[PDB]
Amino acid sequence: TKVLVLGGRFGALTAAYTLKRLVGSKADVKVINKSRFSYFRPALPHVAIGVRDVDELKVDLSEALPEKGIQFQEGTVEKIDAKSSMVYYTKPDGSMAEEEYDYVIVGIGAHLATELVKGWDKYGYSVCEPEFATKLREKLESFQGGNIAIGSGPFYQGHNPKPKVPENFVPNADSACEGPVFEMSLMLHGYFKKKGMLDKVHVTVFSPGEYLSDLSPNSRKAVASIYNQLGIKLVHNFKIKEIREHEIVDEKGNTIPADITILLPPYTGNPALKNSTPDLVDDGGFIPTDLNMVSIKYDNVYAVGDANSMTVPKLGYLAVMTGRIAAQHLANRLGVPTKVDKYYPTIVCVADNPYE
């Protein structure tokens, strides 16, 4: 049995390690990732006065994986042919390959559609880019005063076909990861309050939809009140379309003053999945599955983490959760009786609570 695991982070690693440990020699587990190293830093930075806390974990998949009986091949998946059970990918040297699998675990995540934002290259500051959050840190300390805009781009969620899961297990969201926006808004207020710059800096938070949509209307009104108190502006239904040097523009031509734009880029499906077997993926580019992480169309394709349709919001711990489930369900198939954990939706992001 050859099991291919696509990707190298939460979903992939969880599934690979859990699978190998569970079946050992009963299967060959191989991981294909677009890069040799996988980095795991902290969700949000620590904007502290004169205190820069570095804490990154760097994994070398080529060494770390074999050490666990898992093979590793670096390459960029270009498409998955679910019909012929082939994974097409480009190697670092530019060459093209395709490997057959008996089972595939898709953990290549989603996509941060920065490309959908005119002026991104020139004036954007992303919260999800590695040493891009360093560019921000430096920018924030040298900031003399002005306007700051913080928010996320729209979530191009797929809707059809639908995951084979109980009712209401998958929410409809205008934003894929919004909680971090609330936290960073509060942190930025703190940082500037400590620098006695509250009068020099003006923070505007923007949402592609209603803002923290897992909350009740009152809880959302409460959050707005907090912003009012802290002198933070809130603009709803602002689907960012462009970044200029001093402002951001929405799809309707409305603007927000912004000398510094902190953006969680729009979420779209992974291009490699958009280019895969049409009926493997939904209109968004995500793989709909059942509660066992098995594709609703191809019984030998598993989708985990961000790449799976049901993971909304797009959370690392849901990635780990789905990674395990996929691995336990598969182990059973490979003749190793294993308990398959039940999947739960999140209900609410705990970051919605300021006391967090």
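Numbers for residues come from their place in the sequence shown, where the first is 1.
Student: Taking the mean of the C-alpha B-factors per stretch from the entry, tell me the winner out of 272-280 and 184-192.
Tutor: Taking the mean B-factor of the alpha carbons in each, 184-192 is higher.
Student: Could you settle it for me: does 120-128 or 156-164 have the higher average Cα B factor in the PDB entry?
Tutor: The deposited B-factors put 120-128 ahead on the C-alpha mean.
Student: By the CA temperature factor listed in this entry, which of these ranks top: 255, 95, 172, 237?
Tutor: Of 255, 95, 172, 237, 95 has the highest C-alpha B-factor.
Student: Highest Cα B-factor in the PDB entry belongs to which of 233, 135, 244, 221?
Tutor: So the option with the highest C-alpha B-factor is 135.
Student: Which third of the chain holds residue 217 when residues are ordered by C-alpha B factor: lowest, middle or highest?
Tutor: As the PDB entry reports it, the C-alpha B-factor of residue 217 lands in the highest third of its chain.
Student: State the tercile, meaning the lowest, middle or highest third, of residue 50 with respect to the CA B-factors recorded for its chain.
Tutor: CA B-factor rank for residue 50: highest third.
Student: Would the CA B-factor of residue 199 place it in the lowest, middle or highest third of its chain?
Tutor: Highest third, going by the recorded CA B-factors of the chain.
Student: Taking the values exactly as deposited, rank residue 314 by C-alpha B-factor within its chain and report the matching third: lowest, middle or highest.
Tutor: Lowest third.
Student: Determine, from the deposited record, the chain-internal third of the Cα B-factor for residue 296: lowest, middle or highest.
Tutor: Its C-alpha B-factor, which the entry lists for residue 296, ranks in the middle third among residues of this chain.
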